[PDB]
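Novice: starting from these lines, generate the structure:
(2 chains, ligands or ions: 2)
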2 protein chains.
Amino acid sequence: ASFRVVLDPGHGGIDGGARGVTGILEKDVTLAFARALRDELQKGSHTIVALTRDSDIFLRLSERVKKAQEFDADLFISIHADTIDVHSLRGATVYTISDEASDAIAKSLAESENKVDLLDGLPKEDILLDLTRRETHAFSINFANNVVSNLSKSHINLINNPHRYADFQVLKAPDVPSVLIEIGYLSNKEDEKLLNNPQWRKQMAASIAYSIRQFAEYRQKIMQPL
Amino acid sequence: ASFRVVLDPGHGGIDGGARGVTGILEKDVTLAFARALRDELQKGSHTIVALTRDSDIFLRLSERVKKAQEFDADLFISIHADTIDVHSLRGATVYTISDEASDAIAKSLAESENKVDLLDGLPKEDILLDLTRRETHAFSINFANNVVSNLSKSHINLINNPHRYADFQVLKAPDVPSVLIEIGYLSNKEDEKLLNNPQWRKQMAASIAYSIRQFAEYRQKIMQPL
Ligand SMILES: [Zn+2]
Ligand SMILES: [Zn+2]
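Specialist: Residues are numbered from 1 along each chain as shown, chains lettered A, B, ... in the order given. Ligands and ions are numbered 1, 2, ... in the order given. Pasting the structure now:
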């Protein structure tokens, strides 16, 4: 069966996201990275990919989640390259959702990343469900773990404690495993140099694509009892 | 939190299980292995272990499952060293439950292993539930995968296609992740030599204990939304 993946290039349109010292914008880096990851996935077999946006447009976080659900996604990956409070912090990071943040950096990052909805100048927006949520979370965690493992094997630099968590609204799908990947932090000058290198970006995308293939193979082993 | 594991030494009492050429009995090997795995787990931190039997007694498969549930187990491992139809087949194997067998060897093995209940000479014995079952199965699969991965890293010999599946009644807990591990096959002369070596058994138990620790760390990352 074809495994279904939705990629969400963070920011877009009026929301440029973080800005590097060279002028490079997060919204452009995330779209370029998403396109590279799509390409890597499409080189493989049995993965069908869609992007929340494949152009420079603004989308509310809830609309990104809705697109993943409308696609019947098996996995949702939101792609970012943010500024964080400490400029010395650098390296790939994977975040999953949690009410309680793993640490102060993660907490502050989610607070800021959730607020971008307001940039359009418009206002802010069951047991069976809770069980589904728990199952989804197990999958999100599994994927995050695998991504970190394979990035490490590929000698791609990871931040200390590279699996973190906080209350990211873009990760709220109750029924689609979801992670947010910081490919690097535009607040760090060394990460900015990696982020603007398309060959480095391709190498990271290739590692994530491998992780996705492994996750697909795992998911397809699981029973369907309904 | 203390991760809760129930180990099930296959067979027991009137059911000797498979018999090696040296006279060694499966029921004795599985109890010895379970005790070694208990010891390895108890050397670690944060694992609480119980055995379905810690003596030479016969237990129906349903009673083994009930004991896992009564203990509020987070993981159930049934330990075996069976005879299979092809004597040239050897190596550690992990089985998970499925209505449809992975292959003819797995199918025949489950048929035979389910029939042991009859050795006492007595007769043979919901959406929310189905969802719980699906979640449990994801965990069973995850653990099986990790066990195979770590056995390989430890240079412990694995059978070809070392993750298999069939309709094993001892793996029927809807709410406890469950696997059946063949530590080797007493139908194979080389496996018999490994099986009777307590140092080799200890090395395999140590690898499984490591896999359990990794599984515990994973399980404890997952949300509790109820
Ligand atoms: Zn961002
Ligand atoms: Zn057996």
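
Novice: and the closest residue to residue A:143 other than its chain neighbours, which helix or strand is it part of?
Specialist: Distances taken as Cβ to Cβ, 6 or more residues apart in numbering or on different chains put residue A:215 closest to residue A:143, at 5.1 Å, once the chain neighbours are dropped. To be clear about C-beta, it is placed using only N, CA and C from the backbone, and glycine gets the same treatment. Under the criterion of DSSP states H and E, residue A:215 resides in helix A:198-219.

Novice: so residue A:8 sits in a strand?
Specialist: Yes - under DSSP: H, G, I helix; E, B strand; the rest coil, residue A:8 sits within a strand.

Novice: any idea how far residue B:55 is from it?
Specialist: In this view, residue A:8 and residue B:55 are 57 Å apart by Cβ to Cβ, to the nearest Å.

Novice: which one of the two has more residues nearby?
Specialist: Higher neighbour count among residue A:8 and residue B:55: residue A:8, with 29 against 9, using other Cβ atoms under 10 Å in any protein chain shown.

Novice: packing partners for the host helix or strand of residue A:129?
Specialist: Using DSSP H and E, residue A:129 maps to helix A:127-153. If contacts are counted by 3 or more Cβ pairs under 8 Å, 6 or more residues apart in numbering or on different chains; DSSP states H and E, helix A:127-153 sits against strand A:92-97, strand A:158-166, strand A:178-182, helix A:198-219, helix B:127-153, helix B:198-219.

Novice: angle of the longest one against helix A:198-219?
Specialist: For helix B:127-153 against helix A:198-219, the angle by axes from the mean of the first three to the mean of the last three Cα atoms, to 10 degrees is 120 degrees.

Novice: again, but for the last one
Specialist: Computed with the same axes, to 10 degrees, the direction of helix B:198-219 lies at 110 degrees from that of helix A:198-219.

Novice: what's the angle from helix B:198-219 to strand B:178-182?
Specialist: Orientation check (the same axes, to 10 degrees): helix B:198-219 against strand B:178-182 gives 160 degrees.

Novice: for ligand 1, which of the helices and strands packed on helix A:127-153 is the nearest?
Specialist: For ligand 1, the closest of these is strand A:178-182, at 7.8 Å, according to Cβ to the ion.

Novice: tell me the helix or strand right after that closest one.
Specialist: Using DSSP H and E, the helix or strand that directly follows strand A:178-182 along the chain is helix A:189-195.

Novice: quick one: buried residues of that next one?
Specialist: If you call a residue buried by 16 or more other Cβ atoms under 10 Å in any protein chain shown, then helix A:189-195 has these buried ones: A:191-192, A:194-195.

Novice: helices and strands around it, which ones?
Specialist: Using 3+ Cβ pairs under 8 Å, 6+ apart: helix A:189-195 touches helix A:198-219.

Novice: what about 10 Å?
Specialist: Contacts defined by 3 or more Cβ pairs under 10 Å, 6 or more residues apart in numbering or on different chains; DSSP states H and E place helix A:189-195 against helix A:26-43, helix A:198-219.

Novice: what packs against the first one?
Specialist: Spelled out, that is helix A:26-43. strand A:3-9, strand A:47-51, strand A:75-80, strand A:178-182, helix A:189-195, helix A:198-219.

Novice: repeat that with 7 Å
Specialist: Applying 3 or more Cβ pairs under 7 Å, 6 or more residues apart in numbering or on different chains; DSSP states H and E, we find helix A:26-43 packed against strand A:3-9, strand A:47-51, strand A:75-80, helix A:198-219.

Novice: listing partners with orientation, what would you give for the first one?
Specialist: Using DSSP bridges, the neighbouring strands of strand A:3-9 in the sheet come out as strand A:47-51 (parallel), strand A:75-80 (parallel).

Novice: nearest to residue A:136, of the helices and strands packed on helix A:26-43?
Specialist: strand A:75-80 (10.0 Å; Cβ to Cβ).

Novice: report the inter-axis angle for the closest one versus strand A:92-97.
Specialist: Counting by the same axes, to 10 degrees, strand A:75-80 lies at 120 degrees to strand A:92-97.

Novice: how about strand A:75-80 and ligand 1, any contact?
Specialist: Yes - using Cβ under 5 Å from the ion, strand A:75-80 reaches ligand 1 at residue A:80.

Novice: equivalent analysis for stretch A:162-181, please.
Specialist: No - Stretch A:162-181 lies apart from ligand 1 when judged by Cβ under 5 Å from the ion; the minimum separation is 8.3 Å.

Novice: next, the distance between the ends of that stretch.
Specialist: Stretch A:162-181 stretches 10 Å from its first residue to its last (Cα to Cα, to the nearest Å).

Novice: try stretch A:33-51
Specialist: Stretch A:33-51 end-to-end distance (Cα to Cα) = 11 Å.
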